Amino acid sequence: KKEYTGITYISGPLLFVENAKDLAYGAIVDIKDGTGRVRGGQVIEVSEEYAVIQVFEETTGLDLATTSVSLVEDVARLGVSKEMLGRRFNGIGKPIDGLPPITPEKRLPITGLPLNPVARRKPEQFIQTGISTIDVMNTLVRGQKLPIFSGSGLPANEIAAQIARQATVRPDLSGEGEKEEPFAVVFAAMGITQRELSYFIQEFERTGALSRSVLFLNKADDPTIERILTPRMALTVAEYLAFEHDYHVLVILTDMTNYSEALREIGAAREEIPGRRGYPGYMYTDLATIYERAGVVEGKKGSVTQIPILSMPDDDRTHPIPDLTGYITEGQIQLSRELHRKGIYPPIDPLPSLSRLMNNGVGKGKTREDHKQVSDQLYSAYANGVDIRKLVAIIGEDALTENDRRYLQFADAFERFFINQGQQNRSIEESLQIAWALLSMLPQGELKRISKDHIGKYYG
């Protein structure tokens, strides 16, 4: 196969090869130096004069006299099959579990394709996360993208790890046959430290969560382009298991801030003039091409569900990273520093949280039929309980009536009991049972978002 030796220029991550009209734009290439060491790159531009290759690793060692480029493949593709479960790969999807390299039933363009809008399907079934604040209030529904908004310091890894261990499909609540219903987790970690990798592995093994997962682990010290590829690898394997194998897949992407931080970098190093608050102008589109690879489709039993996870730079929900993710994804879960001191975990406060696809995933045949209303009440009664806290806050305590005293103690214990569950795996029923014993603190006529009868069932 051809070697291209006409290298005219190397600077930063770029190398230029003359007489390479036969390299396709976007082609993955191999690059060998005098020492014999081999290195990846990608054709990012091509003309009659030369091709610009963007090198994957450092550029140290390359020269213009003993360096040759060659085609590895015209489009970045991925060796994929359904035997990737229990496995554990890296950025580029080569094995890291000390197990054997695997045999693929197809090689897929890791860039994927947009789903045809007309071929989609309103997401309808719920996914039990085991966290009450998620499950009852902000339900993750199959086909959704619902990210966790966290903070440097805050324990997203733990939540990530937890939903990964706990999550499950509830066929017995939908009558559904369990056969066309295998449930898998595609974990994609971007720019993690060895300390956190150690953790996620430990966590996936500890209770065998590993056997039904495919890990795409990427470290902080890896060549940055591997970070850009990780979410693509993951979603490739996920679209595959989902839309050809009827898997319900849950994709967790931590940490998107590291992703976006890598996206720009690959642009500070490709010349590009930065957009708002200094990330790439097309960051909205790029993220779109990631998050949008989720959903459910007519004529298919399977699904792809995303939980991206992102530490906001200074708890600034208006930062490009969370702001853009916000315009693309379907709500979010937010990690309150406020709940972190009071010793609460998982620090998820329901009022800034929202799951926009929820109302179509709960209810008769999907969960329990009080669900929707109970969730709204639970909201209502916390919003109503929080706004009293503000009324009797900084200046003088005890400026309160009888009733509003009782919407008050419904906020204290809604934290201690509902929000603060530690590492309990709570089924939707147990979540609705606690919800109901939290509600019944209020008198009957105050549960206004609930049909009169439901009350009498679960209230007494």
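Position 1 is the first residue in the sequence shown; the rest follow in order.
- prompt: Which wins on mean Cα temperature factor, 390-398 or 43-51?
  reply: If you average the C-alpha B-factors of 390-398 and of 43-51, the larger mean comes out for 390-398.
- request: May I ask you to compare 25-33 and 421-429 by their mean CA B factor in the entry and name the higher one?
  value: Between 25-33 and 421-429, it is 421-429.
field: Options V69, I434, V38, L62 - largest CA temperature factor per the record
entry: The C-alpha B-factor peaks, among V69, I434, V38, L62, at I434.
- request: Using the entry's values, work out which of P155, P117, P182, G278 has the largest Cα B factor.
  value: Of the options given, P182 has the highest CA B-factor in the PDB entry.
- request: Place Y282 in the lowest, middle or highest third of its chain's C-alpha B-factors, as listed in the PDB entry.
  value: Answer is lowest: the recorded C-alpha B-factor places it there.
For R142, the third of its chain into which the C-alpha B factor falls: It belongs to the lowest third of the chain when residues are ordered by C-alpha B-factor.
message: Per the entry's values, where does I321 land by CA temperature factor relative to the rest of its chain, in the lowest, middle or highest third?
response: Its C-alpha B-factor, which the entry lists for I321, ranks in the lowest third among residues of this chain.
task: Within this chain's modelled residues, let me know which third the CA B factor of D370 belongs to: lowest, middle or highest.
output: Its C-alpha B-factor, which the entry lists for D370, ranks in the highest third among residues of this chain.
message: Ranking the modelled residues of this chain by C-alpha B-factor as given in the entry, is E292 in the lowest, middle or highest third?
response: Its C-alpha B-factor belongs to the lowest third of this chain's values.
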